[PDB]
Amino acid sequence: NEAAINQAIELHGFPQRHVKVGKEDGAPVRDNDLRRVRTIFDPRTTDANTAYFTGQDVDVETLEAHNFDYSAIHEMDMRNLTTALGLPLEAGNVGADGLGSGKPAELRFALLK
Amino acid sequence: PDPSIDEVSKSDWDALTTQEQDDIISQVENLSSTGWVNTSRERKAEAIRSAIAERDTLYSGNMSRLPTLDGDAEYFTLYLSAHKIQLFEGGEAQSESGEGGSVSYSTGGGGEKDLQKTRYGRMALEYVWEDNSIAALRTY
Amino acid sequence: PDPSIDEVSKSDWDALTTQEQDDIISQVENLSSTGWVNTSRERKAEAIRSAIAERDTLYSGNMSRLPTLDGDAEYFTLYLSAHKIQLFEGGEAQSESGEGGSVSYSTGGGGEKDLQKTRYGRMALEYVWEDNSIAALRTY
Amino acid sequence: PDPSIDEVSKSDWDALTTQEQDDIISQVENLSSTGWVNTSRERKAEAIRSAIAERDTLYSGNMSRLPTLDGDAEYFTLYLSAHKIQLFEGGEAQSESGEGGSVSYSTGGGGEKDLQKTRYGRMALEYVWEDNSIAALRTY
Amino acid sequence: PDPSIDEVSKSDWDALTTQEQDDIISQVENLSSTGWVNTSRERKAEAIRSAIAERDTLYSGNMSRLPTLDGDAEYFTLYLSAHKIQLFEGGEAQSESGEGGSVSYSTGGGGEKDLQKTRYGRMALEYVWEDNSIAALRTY
Amino acid sequence: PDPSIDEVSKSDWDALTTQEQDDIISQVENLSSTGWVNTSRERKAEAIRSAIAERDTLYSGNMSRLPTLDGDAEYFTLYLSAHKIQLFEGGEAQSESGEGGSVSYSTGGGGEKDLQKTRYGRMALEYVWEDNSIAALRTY
Amino acid sequence: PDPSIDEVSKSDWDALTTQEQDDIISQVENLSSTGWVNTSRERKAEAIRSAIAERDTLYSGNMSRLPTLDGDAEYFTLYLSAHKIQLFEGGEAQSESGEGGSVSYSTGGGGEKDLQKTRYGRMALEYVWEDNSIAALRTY
Amino acid sequence: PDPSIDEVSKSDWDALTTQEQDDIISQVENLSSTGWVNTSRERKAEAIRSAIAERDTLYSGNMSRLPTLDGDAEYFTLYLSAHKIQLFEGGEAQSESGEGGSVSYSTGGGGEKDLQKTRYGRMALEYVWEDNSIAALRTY
Ligand SMILES: [Mg+2]
Ligand SMILES: [Mg+2]
Ligand SMILES: [Mg+2]
Ligand SMILES: [Mg+2]
Ligand SMILES: [Mg+2]
C-alpha cells in the first residue's frame, strides 16, 4: 500500500501539462514538428513568470491533479498494522474523534498495561 | 515495373529511362477504365513526378513513431497520381450526358479538402490515417 | 481457385501462373451480373493486386486479441477487389438513361469514406468491424 | 431442398452436387417476381456461397447466452443470399421507366449500412438483433 | 381453410396437401385487389412458409407474462405473408404512370425497418406491440 | 343491417348468411363515393372479417375503468373496414391524373403508423383514444 | 526548367530569358489537360510572376520554427500558378453543355476562401498547413 | 511598367503620362482571359485610380505594428483593380449561355462583404489579413 501510494502521488498528485497542436479537423502535425514545439514549451527552461504567444490553433491543456484521499488510506493502513501488532493507533501517529478524553481514552492504555 | 514507384524519389524519376517512366505510367493508366487516353504523356508524367515529390514531403516520416504512410507505398503513390491526373481534367463527373444517353455517378457532396474531392483521393486517404494526427511526444 | 485469394500476398500474386490469376479474376467477376467485361484484364488484375496489398497492409493485425478482419478473408478480398474495379469504372451509377429507357438505384448521397461510397465497399466494411477503433491494451 | 441452406457451410456447399445447389438456387429465385433470370448461374451460386460464408463468420456465436442469429437460419440465409443477388445488379430501383410507362418503389434512403440498402437486407437484419450490441459478460 | 394459418408451423406447412396450401394461399390473395396474380404459386407459397417460420421464431414467446403477439395470429400471419409477397414484387409503388394515366400513393418516406416500409407490414406491426421492448423480469 | 357489425365476432361472421354479410358490405361501401366497385366481394368480406377480429383483439378491454373503444363500435368497425379495403388497393391517392385531367388530395405526410396513413384510419383513430396509453392501476 | 520555379523570386523572374520563362510556363501547362492553350502567353506569365511574388510574401517565413511551406516549393508554386490561371479564365467549371453533350464536375459548394474555391488551390492548400495558425512563441 | 502600380498614389496617377497609365492598364488586362475588351479605357483607368485611392486610405497604416498590407502591394493593387473592373460590369458570372450551350462556375458560396463577392476580391483579401482585426496596443 505504501509503494502504491508513493507511485500514485508521482503520477496523479502533481498536475501535468498537455500541449495540443493544430486545429480540430485541421492539417495533421507529425512528430518531427512536435520536437520543435517541445523545444519551446520545455519545463526544463520555463520560469514562474513565462508568457506564451500563439495563433488560435494551439492549446496548452492541463492534466489537473486527480485528487484522492491517501490520508484516509494511511489511517486505514496504520489502523490495520497497529491493531494487528496490538499497539494503540496513537503510537502510529494517527488520531481519533471522541476517544481522546475520559475513560474512553484510558481503556486503550489499560489494555496496553 | 522493374524500378517500382515506391523505390524512386523526384530526382530518381528524372534519372529513369523513358521506358521505365512509361512502365510506371502504364501501371497508373490501369486505375481508370478509360486510361485517360486523351491526356498527353507529359501531363501523366508531371502528375506522377508531383505525386512522388508530394509523398516524400507531405506523407513521409512519423507520428508517435508510427509511419505516417501506413499502407502500401506502391498503391499510395499510384492513387495519389490518379488523383492528380483526374484533377488535371476538372475532377470527377457527377453526371455525363451525350447523344441522349446519360449517367450519374453517386459522388455526392464528397467533403471539402483535397483528397476527399475524388475517388482516387478517397482511396489514398485510408493509407495515411485519413489525414488524422495521432502524433505524440514526451519530455525526457 | 486452387490457390485461394486469401492464401496469397502481393509477392505471391506476382508469382502465380496466368491460369491461377485468371481463376481468381473469374471468381471476382462473379460479384457483378455485368462482369466488368468491357474493362480489360490488366485493370481487373491491378484492382485484385491492390486489394491483396491493401488487405495485408491496412486490414492486417489485431484490435485487442481479436483479428482486425473478423469475416471470411476470401470474400473480404473479393469484395475489396470488386470495390476497386467499380471505382476504376467511375463508381456507383446512381442513375442511367437512354433509348433502353431509364433507371435510378436509390443510393442517396451515401457516406464520405471510400468503402461507404459503393455496394461492394459497404459489404466489405462489415468484415472489418465497420472501420471502428475497438482496440484496447494495458500495462503489465 | 434435400440438404437445406442452413445445414451447409462453405466447404459443404462446394461438396454438393449441381442438382443440390440448383434446388437451393431455385429456392432463392422464389424471393423475386423476376427470378433474376438475366443473371447467370455462377453469380447466384457465388451470392449463396458468400451468404453461407458470411453467416458462418459475421452472424455466428453468442451474444450473452443467446445466439446472435435468433430467427430461422434457413430464411436468414435465403434473405442474405437475395441481398447479394441484388447488389450484383446495382442497388434497389428507386424508379424504373420503359416506353413511357414508369414506376417508383417508395424505398426511401433506408440507412447507411449495407443491409439497410435493400429490402432483403432489411428483412435479414431483423433475424440478427437488428445489428444491436446486447452482449454482456461477468468476472469469475 | 380447414387447417388455419395460425395452427401450422413450418414443418406442418410442408406436410399439408396442395389443396390445404392453396386454400391458405387463396386467403392471402384476398389481402390485395390485384391478388398478386402475375406472381407464381411457388413465390406466394415461399412467402407464406417464410411468414410462418418468422412468426414462430421472431414473433413467438412472452414479453412480460403475456404473449409478444397480442392480436389475432391468423390475420397477423396473413399480413406478414402479404408484406413478404409485396417485397418479392419490389415493395410499395410510390407512383405509377402510363397511357392509363398517372397516380401517386401518398406514402412519404415512411420508417426505416422492414415492417414500417409497406402497408401490410404496418398492419402487422400493431399486432406485436409495435416492435417495442416492453418486457420485464425480477429476481426471486 | 339486421345483425349489426358491432354485434358479431369472427366466428359469428363465418356463421352469417351471405345476405347478412352482403348487407354489412353494402353499409361499408357507403363510406366511399367510388364504392370500391372494381374490388371483388371476397376482398371486402376479408377486410370486414379482419376488422371484426382486430377490434375484438387489439381494440377491446379497458384503460382504467374506461372502455378502450369509447366511440360507437358500429362506426368504428365500419371505418376500420374501410381503412383495410383502401389498403388492399395501394392506400391513399395523393394525386390522380388521366386524359389531361388532374387532382391532388391534400393528404400530406400523414404520420407514420397504420391508422394515421388513411382518412378512414384517422376517423377510426378518434374512437380509440387516438392510440394513447392512458391506463392506470394500483396495489390493494 | 534549368532554373526551377523555387530557385527564383519576382526580380529574378523579370531577369530570366524568354526561353527560361517559357520552359517554366511549359511546366505549368502540364497541370491541365486543356493546357490553357486559348489563354495568351503573357497572361500565364503574369499568373506565374504573381504566384512567385505571393509565395515569397504570403507563404514565406516560419511558425513555431516550422517552415510555413512544408511541401515541395516547386509543386506549390506550380499549383498556385495554375490556381491563378484558372481564376483568370473565370474559375472552376461546375457544369458544361452544348452540341458535344453535357457534363457536371461534382464540386459541391466548396469553401469560402480562394484556395478552397478551385482544385489547384486545394492541392496547394495542403502544402501550407491548410492555412492554419500553428505558430507558437515564448518569453526568454 | 516603368512606374509600378505600388509606386504611385492618386495624385501621382493623375500626373502620369497616358503611356504609363496604358502600361499599367495593360498589366491589369492580363488578369482576365477576356481582357475586358468591351469596357472603355476611361472606366479601367477610373477603376485603377479608385484601387490606388482605396489602398492608400482603407488598406494603409499599421496593425499591431505589422503593415495592414502584408502581401505584395503590386499584385494587391492589381487584384483590387480587377475586382473594381469586374464590379463595373456586374457580379461574378454564376452561369453563361450562348446561342447554344452553357457554362456555370460555382463562383458563389462566399460571405457578403464586397471582396468576398468576386474571384479577384477573394485573392486581394488574402494580402490584407482577410480583413481580420489583429491590432493591439498598450499603456506606456
Ligand atoms: Mg476507413
Ligand atoms: Mg395502435
Ligand atoms: Mg423488429
Ligand atoms: Mg492533408
Ligand atoms: Mg490564406
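Basis for what follows: all heavy atoms, side chains included, without hydrogens, waters or symmetry-related copies. Each chain gets a letter, A, B and so on, in the order the sequences are listed, and its residues count up from 1. First listed ligand is number 1; within each ligand, the first listed atom is number 1.
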Side chains of [X] and [Y]: is there a donor and an acceptor less than 3.5 Å apart?
X       : Y        : answer
F:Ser9  : F:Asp56  : yes
B:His83 : B:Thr118 : yes
D:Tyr79 : D:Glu74  : no
B:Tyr75 : C:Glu46  : yes

Would you indicate whether the side-chain heavy atoms of C:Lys113 and B:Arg122 approach each other to under 4.5 Å?
->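 When only atoms from C-beta onward are counted, C:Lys113 and B:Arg122 do not touch, as no gap falls below 4.5 Å.
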
The protein N, O or S atoms lying under 2.8 Å from the Mg ion (ligand 1) are B:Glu126 OE1, B:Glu126 OE2, B:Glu130 OE2, C:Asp131 OD2

If you look only at pairs with a residue in residues 125-134 of chain D, which of them pass as a side chain to side chain donor-acceptor pair (under 3.5 Å), with sequence neighbours excluded?
-> D:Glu126-E:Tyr59, D:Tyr127-E:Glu54

